[PDB]
There are 4 protein chains.
Amino acid sequence: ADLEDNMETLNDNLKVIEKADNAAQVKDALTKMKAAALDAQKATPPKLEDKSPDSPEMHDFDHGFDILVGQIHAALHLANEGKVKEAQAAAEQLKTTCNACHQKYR
Amino acid sequence: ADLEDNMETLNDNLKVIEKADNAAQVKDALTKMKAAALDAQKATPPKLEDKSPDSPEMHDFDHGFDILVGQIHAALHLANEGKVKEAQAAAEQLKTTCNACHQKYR
Amino acid sequence: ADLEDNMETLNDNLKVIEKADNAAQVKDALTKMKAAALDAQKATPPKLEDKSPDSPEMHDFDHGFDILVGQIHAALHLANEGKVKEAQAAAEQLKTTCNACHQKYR
Amino acid sequence: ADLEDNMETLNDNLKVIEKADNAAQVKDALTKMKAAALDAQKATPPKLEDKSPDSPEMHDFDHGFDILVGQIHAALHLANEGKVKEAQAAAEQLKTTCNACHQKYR
Ligand code: HEM
Ligand code: HEM
Ligand code: HEM
Ligand code: HEM
Ligand SMILES: [Ca+2]
Ligand SMILES: [Ca+2]
Ligand SMILES: [Ca+2]
Ligand SMILES: [Ca+2]
Ligand SMILES: [Ca+2]
Ligand SMILES: [Zn+2]
Ligand SMILES: [Zn+2]
Ligand SMILES: [Zn+2]
Ligand SMILES: [Zn+2]
């Protein structure tokens, strides 16, 4: 999928997590977010189209996804332990990573 | 230092971060928590004293600290960007990692 | 792409890197291996098809890819520095990771 | 300990790994290398004391240690599997990380 498609999947699933009632629903949404994040990672965003692949900016862009994926990983552990409210809180808190990257590269 | 001492350091700095007025205070506190987590990471907790250093339990224990350290790292980005409330919120959220490891190994 | 196809992509590029004489070739090859490794993570291998998504086996399987991805990342740093032979050795190095997962989950 | 002494621990143990005759000796030295690398992470090199802990340089310096620690973790897995020759080759290979950082910040 292209970058924007994966971003939509990321955004859609955050909403699903916010309104979910049980752990299974949260786990499923988080799993989809992980796949979308990883798929997004191979993209070169418009704002960095003219930068070299080895540029500090592309390295930072990639690092942003690593941070996100890590937060998704931790959230999954919480969901897997049936801690719905905590997993939901983790999904909400990681919005700060979405924001940080957007400020720099969206 | 002893596992328990690093744990005391982690607990106290969560309080320092909560009471912080500014970004500098939160950064310093996160930095201290990082040191404590990495030092605590080489210890053998009492409940796993009978386990081989190479065991699923000790690998998971080690992984738990990696999760915590990754959260401190993300929180540090927020504080370094002057986002005091966000960094404070990130510190609050990572309490779930503290709790998750305790439930299994404390 | 599916698990098997991403694997063939990993194998083909490892061979490309081995025959490479310039950094551009190595960079391109690792780039493709990174995309393939990440794409493969969304897959559930046949051997773990009937194990819970949160099983220790699935967490270990995921860990294997993280180790692989990290090795690719380290190799890319060397490739981007024009250190061809160093990058090639890093690529050869990680075959041990390929083998480890295969013995356990293939 | 300080940055300098932890670096000594890293250097000495690499020699121990090269001279090692069994898996346990290698695992033991790698374990000491991990502790030293992590403990080392809490330091600001002389050449970066002028840079903010928030600069791209300080972040890159920090990242370097994470790369090294990841390579140590992967080497541990090999040593734990009794693959002495392989673990020795991993140790030899991670020397590129040692050099890559030194070139920039030593
Ligand atoms: C879960 C967190 C995230 C959410 C919910 C999210 C959501 C979105 C949405 C709704 C869009 C606009 C979609 C469109 O233009 O069609 C977008 C765009 C974008 N996102 Fe994110 N995003 C997240 C994390 C990230 C991260 C971590 C990075 C960087 C490492 C990033 C980089 C981008 C870029 C570069 C664009 C612009 C794409 C374009 O206009 O071509 N995003 N994101
Ligand atoms: C910021 C998060 C954390 C906080 C605030 C925290 C706080 C504490 C505190 C106050 C204690 C009691 C110490 C004592 O009574 O002497 C403790 C014990 C312990 N913590 Fe944590 N901890 C955190 C994260 C972790 C993590 C991530 C792990 C595991 C990966 C962990 C493992 C333990 C263990 C095993 C003990 C018991 C030590 C013993 O009884 O000897 N902690 N922690
Ligand atoms: C660069 C390292 C790797 C290379 C070169 C590689 C290569 C391959 C190749 C060529 C195949 C298909 C062989 C056949 O047709 O029978 C394969 C299958 C497989 N690999 Fe890997 N692999 C690597 C790493 C990994 C890792 C790290 C894991 C696990 C974490 C893994 C899990 C699997 C599994 C589960 C299969 C079987 C898929 C199926 O039959 O449906 N591989 N790999
Ligand atoms: C296992 C790999 C490594 C080995 C064997 C190693 C070894 C050493 C040695 C022997 C020294 C000289 C100590 C002295 O002055 O007495 C040194 C210095 C230093 N190392 Fe490493 N090192 C390694 C990895 C790293 C990495 C990954 C970084 C960067 C992230 C790094 C950064 C430094 C710096 C900045 C110094 C200068 C210290 C000073 O000026 O006091 N080293 N290293
Ligand atoms: Ca759009
Ligand atoms: Ca104690
Ligand atoms: Ca106190
Ligand atoms: Ca201070
Ligand atoms: Ca095929
Ligand atoms: Zn995990
Ligand atoms: Zn960072
Ligand atoms: Zn890097
Ligand atoms: Zn491991």
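Every number for a ligand or one of its atoms is a count from 1 in the order of the listing. Numbered from 1 within each chain, the chains take letters A, B, ... in sequence-line order.
- Between B/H59 and C/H63, the two ring planes are perpendicular [angle over 60°; tilted spans 30° to 60°].
- Close approach of ligand 3 to C/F61 is summarised as follows: ligand atoms under 4.0 Å from at least one heavy atom of the residue are 29 (C), 30 (C).
- Here C/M7 meets the criterion, with an N, O or S atom under 2.8 Å of atom 21 (Fe) of ligand 3.
- Among protein heavy atoms, atom 12 (C) of ligand 3 sits closest to C/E8 OE2, 3.9 Å.
- In summary, C/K32 and C/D28 engage in a salt bridge, as defined by a charged side-chain N under 4.0 Å from a carboxylate O.
- Side-chain atoms of C/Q88 come within 3.5 Å of backbone N or O of C/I17 as a donor-acceptor pair.
- Shortest contact from atom 38 (C) of ligand 3 to any protein heavy atom: C/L3 CD2, 4.0 Å.
- Ionic pairing of D/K42 and B/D39 is not present here: no N-O contact between side-chain nitrogen and carboxylate oxygen is shorter than 4.0 angstrom.
- Close approach to C/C101 involves these atoms of ligand 3, each under 4.0 Å from a residue heavy atom: 26 (C), 27 (C), 28 (C), 29 (C), 30 (C), 31 (C), 32 (C).
- For atom 34 (C) of ligand 3, the closest non-hydrogen atom of the protein is C/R106 CB, 3.9 Å.
- Shortest contact from atom 4 (C) of ligand 3 to any protein heavy atom: C/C98 SG, 3.4 Å.
- Of the possible donor and acceptor atoms, one in the side chain of B/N6 sits under 3.5 Å from a partner among the backbone N and O of B/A1.
- When only non-hydrogen protein atoms are considered, atom 40 (O) of ligand 3 lies nearest to C/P46 CG, 4.9 Å.
- The nearest N, O or S atom of C/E8 is not closer to the Ca ion (ligand 9) than 3.0 Å.
- Between the C/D62 side chain and the C/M58 main chain, no donor and acceptor come within less than 3.5 Å of each other.
- Once rounded to the nearest 0.5 Å, the distance linking OG1 of D/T97 with CD of D/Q71 reads 3.5 Å.
- Within C/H102, the N/O/S atom positioned nearest atom 21 (Fe) of ligand 3 carries the name NE2.
- Proximity of C/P45 to ligand 3, defined as any heavy-atom pair under 4.0 Å, is confined to the side chain (atoms from C-beta onward).
- Taking every heavy atom of C/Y105 and a limit of under 4.0 angstrom, the matching atoms of ligand 3 come to 35 (C).
- Here the heavy atom of the protein found nearest to atom 5 (C) of ligand 3 is C/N11 OD1, 3.5 Å.
- Shortest distance from the Ca ion (ligand 9) to C/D5 is reached at OD1 (N/O/S atoms only).
- Listed for the D/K47 side chain is a donor-acceptor partner under 3.5 Å among the backbone atoms of D/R106.
- Put simply, atom 43 (N) of ligand 3 has protein non-hydrogen atoms near it, under 4.0 Å away.
- For the pair B/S52 (side chain) and B/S55 (backbone), a donor-acceptor distance under 3.5 Å is absent.
- Annotation: side chain of C/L78 is in contact with side chain of C/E81 (closest heavy-atom distance under 4.5 Å).
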